[PDB]
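Peer 1: Residue numbers (PDB author numbering), protein chains in the order written: chain B, 76 to 108; chain A, 10 to 463; chain A', 10 to 463. A prime marks a further copy of an entry chain.
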Ligand SMILES: Nc1ncnc2c1ncn2[C@@H]1O[C@H](COP(=O)(O)OP(=O)(O)NP(=O)(O)O)[C@@H](O)[C@H]1O
Ligand SMILES: Nc1ncnc2c1ncn2[C@@H]1O[C@H](COP(=O)(O)OP(=O)(O)NP(=O)(O)O)[C@@H](O)[C@H]1O
Ligand SMILES: [Mg+2]
Ligand SMILES: [Mg+2]
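(1) Can you list, in chain order, the residues of its chain whose CB lies under 8 angstroms from that of residue 389 of chain A', leaving out five sequence neighbours each side?
(2) Any Cβ of chain A within less than 7 angstroms of the Cβ of residue 419 of chain A'?
(3) With a 10 Å radius around its C-beta and 16 neighbouring C-beta atoms as the bar for buried, classify residue 223 of chain A as buried or exposed.
(4) My output table needs one value for residue 391 of chain A': the three-state DSSP class, helix, strand or coil.
(5) Please go through the region 346-411 of chain A and give each complete beta strand (DSSP E) segment of 3 or more residues, from N-terminal end onward.
(6) Which residues in chain A sit within 7 angstroms of residue 273 of chain A', going by Cβ to Cβ distance?
(7) Would you verify that the beta carbon of residue 284 of chain A' is, or is not, closer than 7 angstroms to some beta carbon of chain A?
(8) Would you decide whether residue 101 of chain A' is buried or exposed? Buried here means 16 or more other CB atoms lie within 10 Å of its CB.
(9) Between the Cα of residue 263 of chain A' and those of A'/284, A'/285, A'/342, spot the shortest distance and give me the residue it belongs to.
(10) Spell out whether any CB of chain A' is found under 7 angstroms from the CB atom of residue 359 of chain A.
(11) Taking 6 angstroms as the cut-off, is the C-beta of residue 347 of chain A nearer than that to any heavy atom in ligand 3?
(12) If we ignore side chains and look at the alpha-carbon of each, how far apart do residue 352 of chain A and residue 201 of chain A' end up?
(13) Of all Cβ atoms in chain A, is any one closer than 7 angstroms to the Cβ of residue 93 of chain B?
(14) Give a single yes or no on whether residue 378 of chain A' has its beta carbon closer than 6 angstroms to a heavy atom of ligand 2.
(15) I'd like to know whether the C-beta of residue 79 of chain B is nearer than 7 angstroms to at least one C-beta of chain A.
(16) According to DSSP, what are the bridge partners of residue 77 of chain A'?
(17) Could you have a look at residue 42 of chain A and say whether DSSP puts it in helix, strand or coil?
(18) Compare the C-beta of residue 104 of chain B with all C-beta atoms of chain A and state if any pair is closer than 7 angstroms.
(19) Given 6 angstroms as the limit, tell me if residue 251 of chain A' has its C-beta closer than that to any heavy atom belonging to ligand 2.
(20) Starting from residue 238 of chain A, find everything on chain A' with Cβ-Cβ shorter than 9 angstroms and list it in chain order.
(21) Which residues in chain A sit within 7 angstroms of residue 107 of chain B, going by Cβ to Cβ distance?
(22) Are any of the Cβ atoms in chain A nearer than 7 angstroms to that of residue 76 of chain B?
(23) Taking DSSP's pairing of strands, which residues face residue 240 of chain A' in a bridge?
(24) Please determine whether the Cβ atom of residue 324 of chain A' lies at a distance below 6 angstroms from any heavy atom of ligand 1.
(25) Taking buried to mean at least 16 other C-beta atoms within 10 Å of its own C-beta, is residue 323 of chain A buried or exposed?
(26) In terms of residue numbering, what span does the beta strand (DSSP E) encompassing residue 173 of chain A cover?
(27) Please identify the residue among A'/13, A'/424, A'/30 whose C-alpha is closest to the C-alpha of residue 230 of chain A.
(28) What are the residues of the region 257-271 of chain A' that lie near chain A, defined by any Cβ-Cβ distance shorter than 9 angstroms?
(29) Give a yes or no on whether the C-beta atoms belonging to residue 252 of chain A' and residue 408 of chain A' are separated by under 7 angstroms.
(30) Note the first and the last residue of the continuous alpha helix (DSSP H) segment covering residue 107 of chain B.
(31) Do you know how far the Cα of residue 457 of chain A is from the Cα of residue 417 of chain A?
(32) At a threshold of 6 angstroms, does residue 415 of chain A count as lining ligand 1 (C-beta to nearest heavy atom)?
(33) Determine, using beta carbons only, whether residue 28 of chain A comes closer than 7 angstroms to chain A'.
(34) Since I believe residue 182 of chain A is in contact with residue 369 of chain A (beta carbons under 8 angstroms), could you give me their beta-carbon distance rounded to a whole number of angstroms?
(35) What is the residue span of the alpha helix (DSSP H) that residue 272 of chain A lies within?
(36) Hey, is residue 360 of chain A close to ligand 2, as in C-beta under 6 angstroms from one of its heavy atoms?
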């Protein structure tokens with residue numbers, strides 16, 4: 076129960092960190108061109 | 010035509026995706042588009058199984074990415090290495106719902122990544138890396154960890170359960186033991202696969218359909234009501250890649266694979282040659298589905314006229330009995346290779362023995378270019394190097410001649426710098442090393458040296 | 010002409026009947042017309058002995074049927090399988106008055122018919138099946154029983170008395186023990202017989218008259234005052250079915266049959282080759298009437314010029330002494346086969362050794378069609394497939410070439426579906442499997458591939 080809540084919490088954490096890095100990369104490319 | 014290459018063809022299936030470069034270098038994460046995830050019924054954070062090349066798998070967590078094409082999959086270098094794939098390869102993907110929390114795992118560092126450090130590997134590297142991450146891992150994964158301005162590569166040596174698990178807070182992590190040799194991983198990294206074989210597209214298909222397909226799906230053949238042949242003879246002139254294909258098949262197949270080398274059997278004492286032979290067929294029988302590859306067949310089974318030894322003749326008799334002894338339920342296939350097919354005892358090419366033959370012949374110009382690409386992939390080439398042109402100037406060259414061409418080219422390139430380097434130095438000056446490259450001129454030189462040879 | 014095929018001919022006798030399909034699938038019942046029963050002096054419910062192929066017998070109960078032709082016999086699938094016969098075959102029938110109540114019998118299930126069930130096999134299957142039925146059965150019968158929405162095949166493993174008996178109320182039925190492998194029965198089911206040999210009608214007659222006839226009726230020959238020859242050499246080019254005939258003879262003969270394989274004798278140590286040879290002729294002598302078949306004779310008895318080994322020459326000497334050693338009372342016949350008759354030591358073809366020769370040659374167009382029918386009988390063929398046409402386009406092909414043609418055809422058929430099937434799947438999609446069939450087009454393709462080969 077609490078195990079799946081932990082996994083889900085870490086998975087949510089993962090998704091938001093990928094989203095943060097997508098935007099950083101996107102910004103870098105705009106500055107490049 | 011398209012039919013004889015059927016079996017090589019990339020399938021337009023939803024779980025077949027093209028490998029592209031990753032945004033973010035988290036070793037356990039791979040990124041799809043959201044419509045792709047919707048299609049495969051994958052929700053954010055699901056655990057997935059990837060299949061790459063050379064029997065490789067990786068277990069990852071799948072995440073959404075709006076910059077990712079529907080037909081593409083983003084994965085960092087570490088995952089690609091574990092799958093033995095490069096950017097542009099196609100891999101297959103499925104849910105992995107069965108995957109349990111690990112009881113313990115054993116990992117060790119690569120040796121050239123640690124010389125020397127006091128630090129506790131668990132505390133400094135692994136605990137922060139795994140902490141509350143619930144990362145999936147597989148036996149044989151290599152992964153990279155950052156810590157305190159240093160990076161350390163680890164290999165997963167053991168998991169329990171095997172071969173994969175999720176590393177939880179309560180999973181015991183062992184990091185203790187002798188560091189893994191980099192050279193040993195570089196040996197494994199460079200196993201031969203099908204993508205190391207140029208110019209044989211049609212023959213790789215014939216082999217896949219006479220060997221892999223009937224060991225993998227014996228149902229197909231029973232359904233339609235036919236026995237697949239059990240003896241496949243590869244033939245062709247020297248250096249066309251028969252032995253290469255043997256190594257690829259060994260590293261790609263899902264069957265048990267037993268190599269017999271002609272000369273090596275023939276180098277044994279009287280009676281020990283026979284014994285080893287029997288043991289090979291016994292082991293394969295026992296471990297079916299299985300492939301026996303007999304490389305350089307002509308060594309052990311020349312025409313019973315050629316061979317003026319009673320033992321040598323006895324050995325051929327033994328082979329034939331072993332071939333015939335393959336009762337139809339064994340799922341054992343015997344491949345063999347030779348550059349002298351006419352030199353083989355004809356009784357071996359009868360029905361139920363080596364009854365199929367594959368010509369690994371001289372490649373054509375397009376094939377030669379494939380070969381040149383494969384061979385130079387790890388080489389430092391200058392921009393002036395036009396391999397297509399080299400392909401066009403190498404008529405009648407086979408794979409081995411193209412390898413040597415590339416060696417000779419390189420050596421010329423080295424020759425060009427011999428005014429800076431002495432035999433007597435212990436060391437090579439770095440700016441000399443980093444500038445070293447093979448030019449077209451070097452290849453031109455090599456080419457011209459090869460017209461004496463041919 | 011009609012005389013050289015005399016011995017194959019179906020006899021217009023009252024006890025020779027054509028197998029037709031059965032009204033009612035009771036495994037112990039067979040149906041004749043009433044005038045046929047009257048003719049053979051069989052009354053309703055008499056116990057009868059049927060002879061089918063491959064030495065098979067069945068014991069049945071004979072019943073009247075007004076829908077049955079006088080010249081026909083109705084029998085369900087189960088009985089036909091036990092007789093190794095198909096619809097349209099001719100079988101022989103006699104009263105069986107000698108047949109005793111069984112003291113015990115042992116039967117076991119086929120394994121793919123039972124995985125898994127609690128139930129007591131006796132109580133749930135066998136007691137209701139045998140109850141007050143007084144069924145006749147024979148060791149080696151396979152029979153099917155219904156019970157509670159499931160069907161279970163059993164094999165009769167033992168009877169007492171052997172080999173047949175009637176199962177009475179007081180007969181002990183054992184059903185306990187390890188289930189019988191389906192694959193093992195499918196191996197037996199597919200033993201080679203004479204009906205698996207196409208295009209050799211005249212040579213099967215020569216063999217039947219030089220081998221079966223004089224071992225079965227040595228009186229004929231003593232009456233008329235002549236010794237039958239004892240050495241029969243089959244010859245012909247590769248793949249014409251010499252070894253096939255050896256397997257058929259082994260599965261059809263009423264004699265003791267001992268196979269010697271050339272290469273396999275020749276694969277033995279010095280002295281062990283000789284020993285095995287002596288033991289073969291000793292065993293046959295002891296177990297007469299008997300057949301020794303020496304397959305690939307040329308391996309053990311090449312011209313005493315060819316063979317540069319003293320042991321190899323010693324072996325041939327041993328053969329000749331063993332052949333001559335067949336004193337005229339032994340009732341042992343030696344057959345042998347070779348695709349190289351000129352390569353055999355000529356002393357073996359002298360009087361009293363291999364003094365009769367049978368040419369298992371290249372079949373003609375009609376023969377080729379017979380072969381194609383035999384080979385495809387268990388294959389999934391589409392309706393467009395015209396084998397007569399294939400027969401006509403395969404001049405100079407022999408049996409083995411026709412087998413491979415049919416394999417290549419099938420493989421093309423499979424090739425056509427390779428867009429749905431992956432090497433990496435564990436499974437084959439069923440609608441793919443059920444639709445799989447070999448088309449004429451597939452055969453056309455195969456044919457065209459075979460004109461390089463020839
Ligand atoms: N088809 C190919 N594609 C790529 N490289 C090849 C190919 N064929 C040969 N080479 C290169 O040449 C090397 C020697 O070839 P090898 O696989 O030994 O050929 P082979 O046919 O086994 N020789 P032989 O046993 O002399 O008949 C290979 O290991 C490759 O480095
Ligand atoms: N007369 C035939 N009728 C039906 N099938 C045949 C016939 N001859 C050959 N075949 C098929 O081809 C296969 C190989 O033939 P086989 O019986 O080995 O011939 P063989 O003459 O013994 N060969 P060899 O020993 O090379 O001279 C058989 O097992 C059949 O599958
Ligand atoms: Mg080689
Ligand atoms: Mg044969």
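Backbone N, C-alpha and C fix where the C-beta goes; we use that ideal spot for every residue, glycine too.
Peer 2: The relevant details are as follows:
(1) Here residue 389 of chain A' corresponds to residue number 380 of the third chain, with the count starting at 1. Contacts found: 445, 446, 447.
(2) Numbered from 1 along the third chain, position 410 holds the residue referred to as residue 419 of chain A'. Chain A places a beta carbon closer than 7 angstroms to that of residue 419 of chain A', counting this residue as a contact.
(3) Position 214 of the second chain holds residue 223 of chain A. Label assigned to residue 223 of chain A: buried.
(4) In the third chain, residue 391 of chain A' corresponds to position 382, counting from 1. Secondary structure at residue 391 of chain A': coil, using DSSP grouped into helix, strand and coil.
(5) 365-368
(6) In the third chain, residue 273 of chain A' corresponds to position 264, counting from 1. What residue 273 of chain A' touches in chain A: 330.
(7) The count along the third chain starts at 1 and reaches residue 284 of chain A' at position 275. Contacts with chain A at 7 angstroms (Cβ-Cβ) do not include residue 284 of chain A'.
(8) Position 92 of the third chain, counted from the start, is the residue given in the question as residue 101 of chain A'. So residue 101 of chain A' counts as exposed.
(9) Here residue 263 of chain A' is taken as the residue at index 254 of the third chain, counted from 1. Comparing Cα positions, the closest option is A'/342.
(10) The residue given as residue 359 of chain A occupies position 350 in the second chain. By this cut-off, residue 359 of chain A is an interface position.
(11) On the second chain, residue 347 of chain A is found 338 positions in, with the first residue counted as 1. Not so, every heavy atom of ligand 3 lies at least 6 angstroms from the Cβ.
(12) Residue 352 of chain A sits at position 343 when you count from the first residue of the second chain. Residue 201 of chain A' sits at position 192 when you count from the first residue of the third chain. In a straight line, the C-alpha of residue 352 of chain A is about 34 angstroms away from that of residue 201 of chain A'.
(13) Residue numbering aside, residue 93 of chain B sits at position 18 when the first chain is read from its first letter. Judged by the 7 angstroms Cβ criterion, residue 93 of chain B is in contact with chain A.
(14) Counting from one through the third chain, the residue named residue 378 of chain A' turns up at place 369. No; taking the cut-off as 6 angstroms, the Cβ of residue 378 of chain A' has no heavy atom of ligand 2 nearer than that.
(15) Taking the first chain and counting its residues from 1, one reaches residue 79 of chain B at position 4. Not one chain A Cβ lies under 7 angstroms of residue 79 of chain B.
(16) In the third chain, residue 77 of chain A' corresponds to position 68, counting from 1. Residue 77 of chain A' is not bridged to any residue.
(17) What you label residue 42 of chain A is simply residue 33 of the second chain in a count that begins at 1. Three-state result, residue 42 of chain A: coil.
(18) As a first step, residue 104 of chain B must be located in the first chain, where it is residue number 29. Closer than 7 angstroms: no.
(19) For the purposes of this step, residue 251 of chain A' is identified with residue 242 of the third chain, where counting begins at 1. Yes, the beta carbon of residue 251 of chain A' sits closer than 6 angstroms to at least one heavy atom of ligand 2.
(20) In the second chain, the residue the question calls residue 238 of chain A occupies position 229. Going along chain A' in sequence order, the residues near residue 238 of chain A (Cβ under 9 angstroms) are 413, 416.
(21) Taking the first residue of the first chain as position 1, residue 107 of chain B is located at position 32. Within 7 angstroms Cβ-Cβ: nothing; residue 107 of chain B doesn't reach chain A, min ~15 angstroms.
(22) Position 1 of the first chain, counted from the start, is the residue given in the question as residue 76 of chain B. For residue 76 of chain B, the answer is no, since every Cβ of chain A falls outside 7 angstroms of its Cβ.
(23) Sequence index remark: in the third chain, residue 240 of chain A' carries index 231 (1-based). Secondary-structure assignment with DSSP links residue 240 of chain A' through a beta bridge to A'/343.
(24) Counting from 1 along the third chain, the entry for residue 324 of chain A' is found at position 315. No, ligand 1 has no heavy atom inside 6 angstroms of this Cβ.
(25) Taking the first residue of the second chain as position 1, residue 323 of chain A is located at position 314. Answer is buried; the Cβ neighbour count reaches 16.
(26) Here residue 173 of chain A refers to the residue found at position 164 when the second chain is read from its first residue. For residue 173 of chain A, the enclosing beta strand (DSSP E) begins and ends at 173-176.
(27) Here residue 230 of chain A corresponds to residue number 221 of the second chain, with the count starting at 1. Cα-wise, what sits closest to residue 230 of chain A is A'/424.
(28) 270, 271
(29) In the third chain, counting from the first residue as 1, residue 252 of chain A' sits at position 243. In the third chain, counting from the first residue as 1, residue 408 of chain A' sits at position 399. Not a contact, by the Cβ cut-off of 7 angstroms.
(30) Counted from its first residue, the first chain places residue 107 of chain B at position 32. Element bounds for residue 107 of chain B: 77-107.
(31) Numbered from 1 along the second chain, position 408 holds the residue referred to as residue 417 of chain A. Numbered from 1 along the second chain, position 448 holds the residue referred to as residue 457 of chain A. Roughly 11 angstroms between the two C-alpha positions.
(32) Counting from one through the second chain, the residue named residue 415 of chain A turns up at place 406. No, ligand 1 has no heavy atom inside 6 angstroms of this Cβ.
(33) Indexing the second chain from 1 puts residue 28 of chain A at position 19. Not one chain A' Cβ lies under 7 angstroms of residue 28 of chain A.
(34) For the purposes of this step, residue 369 of chain A is taken as residue 360 along the second chain, with counting starting at 1. For the purposes of this step, residue 182 of chain A is taken as residue 173 along the second chain, with counting starting at 1. Taking the Cβ atoms as the reference, residue 369 of chain A lies roughly 48 angstroms from residue 182 of chain A, outside the contact range of under 8 angstroms.
(35) The sequence position of residue 272 of chain A within the second chain is 263, counting from 1. Unbroken alpha helix (DSSP H) run through residue 272 of chain A: 271-275.
(36) For the purposes of this step, residue 360 of chain A is taken as the residue at position 351 of the second chain. Remark: the C-beta of residue 360 of chain A is in contact range of ligand 2, defined as less than 6 angstroms to any heavy atom.
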